[PDB]
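Peer 1: Here is my input, please return the structure:
(2 chains)
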Amino acid sequence: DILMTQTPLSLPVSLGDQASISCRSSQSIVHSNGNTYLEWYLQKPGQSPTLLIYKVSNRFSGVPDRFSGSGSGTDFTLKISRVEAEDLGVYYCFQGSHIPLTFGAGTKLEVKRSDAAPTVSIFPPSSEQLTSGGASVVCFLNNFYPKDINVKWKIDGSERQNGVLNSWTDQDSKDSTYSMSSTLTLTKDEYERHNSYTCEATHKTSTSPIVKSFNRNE
Amino acid sequence: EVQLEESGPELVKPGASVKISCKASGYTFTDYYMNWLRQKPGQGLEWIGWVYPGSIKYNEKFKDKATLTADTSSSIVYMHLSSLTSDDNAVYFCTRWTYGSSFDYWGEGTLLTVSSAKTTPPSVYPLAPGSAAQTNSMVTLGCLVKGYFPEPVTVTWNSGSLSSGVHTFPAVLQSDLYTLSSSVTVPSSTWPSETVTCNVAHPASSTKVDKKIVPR
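Peer 2: Residues are numbered from 1 along each chain as shown, chains lettered A, B, ... in the order given. Structure data below:
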């Protein structure tokens, strides 16, 4: 199986500057007929991929000239000479020369913007939930950039790993920030045994970890 | 117009089997091959195999899972997947192909979910703050939608009226059921003073719930 390694797997860029995705095959992708069947696809979220370049460097009809492809042997490049809003999505390279046909992992292109610190809120469980014998403690970490963030939970001063479910939004379309939801799920009995609940985030915007807490008496 | 049209989403139980169709129109069906591909979430694409009258080839890896068939007389192809487990949860695509033309037109994708869960309506809980918020000029409120099956659920706030400052987060699976949540940020001047209400519709179970967020 030819492996296709794309790098980088993520690439922040500002509108109008110029991007390069490398894609490298684990073996020669010259077909016996002599042609090199290397291709590039763009997939926007919840859509089919869409063909951009084929046979290494040929643009598919409709594709702007800002896109261009190049390479040989086992080593190829896609270059976007001026990034535009409609170019953000995931880029795959593809090899059609050896069965089984194979794709690279993908390279996500995101809008760069300035560092934003998250707004963090913590919410104890609603009395409604309690009365059915569950307790979820929810933490929102909203509108931050960049995406690299670590949340950790403490119950009574002590780290807690199991029972946590985390969910991320995509890059917001208006302001280019990310958001995240962390939920600690406990049994009612379990929640009532402990008193301090902390939601703790580490993000580059702050030297200190950003902490929210509450005590079950309040 | 060249067009490939795939069948709707599928919800089946483990060990069951599913058939998906890809109907071609806008061109001479027997000139192009059809390839079937899979995309697991957050992952790349993998090639299942192609169907063409004259050639049916499988990726070695799928050759016990998949059976590809064509009906040239209605220019529609089928992929049959069997003994399904939830590791087969993916979006399945068909494209048109030749060595010389590449994957130029694609189907819209078909979603497959394999699960043993039965339809189960969400519980909706309101997330009001406990008082370190009262001081501030903006306040964040929440709605926790949990233990439902299957996707999707629609959440809105004040029937649609509040659209800015809303984040609704992707559902995660735990114990075979889904949980999702949604935040809204509103100026402290307008809450509790004015009403903020969370509206959840779960069409599969035919359920709508409205919960107003009230202080504790």
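Peer 1: got the domain boundaries for chain B?
Peer 2: B:1-117, B:118-216 (curated CATH domains).
Peer 1: Let's have those domains in CSV, adding mean neighbour count.
Peer 2: The way it works is simple: take the backbone N, C-alpha and C, and place the C-beta from them, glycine included. Below are those laid out as CSV (neighbours: other CB atoms under 10 Å in any protein chain shown):
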stretch, mean neighbour count
domain B:1-117, 17
domain B:118-216, 17
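Peer 1: Could I get these in JSON lines, plus columns for distance to chain A?
Peer 2: Formatted as JSON lines, the domains of chain B follow (distance: least, CB to the nearest CB, whole Å):
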{"stretch": "domain B:1-117", "distance to chain A": "4"}
{"stretch": "domain B:118-216", "distance to chain A": "4"}
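Peer 1: of all these, which lies closest to residue A:185?
Peer 2: Evaluated over the domains of chain B, closeness to residue A:185 peaks at domain B:118-216, with 7.5 Å, by CB to CB.
Peer 1: what about that closest one, distance to the chain center?
Peer 2: The chain centroid and the centroid of domain B:118-216 are separated by 20 Å under CA atoms, centre = their mean, to the nearest Å.
Peer 1: From the opening residue of it to its closing one, how far?
Peer 2: 34 Å (CA to CA, to the nearest Å).
Peer 1: can you tell if stretch A:167-182 touches chain B?
Peer 2: Yes: residues of stretch A:167-182 are located near chain B by CB under 8 Å from any CB of the partner chain, namely A:167, A:168, A:169, A:179, A:180, A:181.
Peer 1: For the first one, name its beta-bridge partners.
Peer 2: Per DSSP bridges, the residues bridged to residue A:167 are residue A:181.
Peer 1: List the contacts of it.
Peer 2: A:180, A:181, B:169, B:170, B:171, B:172, B:180, B:181 (CB atoms under 8 Å, 6 or more residues apart in numbering or on different chains).
Peer 1: which SSE is the residue of chain A found nearest chain B in?
Peer 2: Closest residue of chain A to chain B, CB to the nearest CB: residue A:48 (3.6 Å). Secondary structure from DSSP states H and E places residue A:48 outside every helix and strand.
Peer 1: ok, now which ones touch it?
Peer 2: Counted by CB under 8 Å, 6+ apart, residue A:48 has contacts B:93, B:95, B:106, B:107, B:108, B:109.
Peer 1: if I look at the first one, how far off is residue B:182?
Peer 2: In this view, residue B:93 and residue B:182 are 30 Å apart by CB to CB, to the nearest Å.
Peer 1: what's the answer for the last one, then?
Peer 2: Relative to residue B:182, residue B:109 is positioned 26 Å away (criterion: CB to CB).
Peer 1: again, but for the fourth one
Peer 2: Going from residue B:107 to residue B:182 by CB to CB gives 31 Å.
Peer 1: give me every residue that touches residue 184.
Peer 2: Picking chain A for this. A:136, A:137, A:138, A:139, A:153, A:160, A:163, A:164, A:197.
Peer 1: think we crossed wires, I meant chain B
Peer 2: Applying CB under 8 Å, 6+ apart to residue B:184 gives the contacts B:140, B:141, B:142, B:143, B:157, B:162, B:165, B:166, B:167, B:196.
Peer 1: Is it possible to get JSON lines of the contacts of residue A:48 that adds secondary structure?
Peer 2: Shown next, in JSON lines, are these (DSSP: H, G, I helix; E, B strand; the rest coil):
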{"residue": "B:93", "secondary structure": "strand"}
{"residue": "B:95", "secondary structure": "strand"}
{"residue": "B:106", "secondary structure": "strand"}
{"residue": "B:107", "secondary structure": "coil"}
{"residue": "B:108", "secondary structure": "coil"}
{"residue": "B:109", "secondary structure": "coil"}
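Peer 1: which SS class is the residue sitting furthest away from the middle of chain B?
Peer 2: Relative to the centre of chain B, the most outlying C-alpha is that of residue B:135, 40.1 Å out, by CA atoms, centre = their mean. Following three-state DSSP, we place residue B:135 in the coil state.
Peer 1: swap in residue A:105?
Peer 2: Note that with three-state DSSP, the state of residue A:105 is coil.
Peer 1: What is the burial count for it?
Peer 2: Neighbours of residue A:105 under the rule other CB atoms under 10 Å in any protein chain shown: 19.
Peer 1: State the distance from it to residue A:50.
Peer 2: Residue A:105 sits 18 Å away from residue A:50, going by CB to CB.
Peer 1: Kindly report the same for residue B:142.
Peer 2: From residue B:142 across to residue A:50, the span is 37 Å (CB to CB).
Peer 1: Please apply the same query to residue B:119.
Peer 2: Taken as CB to CB, the span from residue B:119 to residue A:50 is 35 Å.
Peer 1: Okay, domains of chain A per the record?
Peer 2: Split by curated CATH domains, chain A gives A:1-113, A:115-214.
Peer 1: got CSV for those, with distance to residue B:208 too?
Peer 2: What follows is the domains of chain A, written out as CSV (distance: least, CB to CB, whole Å):
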stretch, distance to residue B:208
domain A:1-113, 25
domain A:115-214, 17
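Peer 1: from what I can see residue A:149 touches residue A:142, true?
Peer 2: No: using CB atoms under 8 Å, residue A:149 makes no contact with residue A:142, being 11.3 Å away.
Peer 1: Show me whatever sits in contact with both of these two.
Peer 2: A:118, A:180.
Peer 1: Check which helix or strand residue B:101 maps to.
Peer 2: Per DSSP H and E, there is no helix or strand for residue B:101.
Peer 1: ok, the closest residue to it other than its chain neighbours - contacts?
Peer 2: Residue nearest to residue B:101 in three dimensions, not counting chain neighbours: residue B:32, with 7.4 Å by CB to CB, 6 or more residues apart in numbering or on different chains. Counting by CB under 8 Å, 6+ apart, residue B:32 makes contact with B:24, B:52, B:96, B:97, B:98, B:101.
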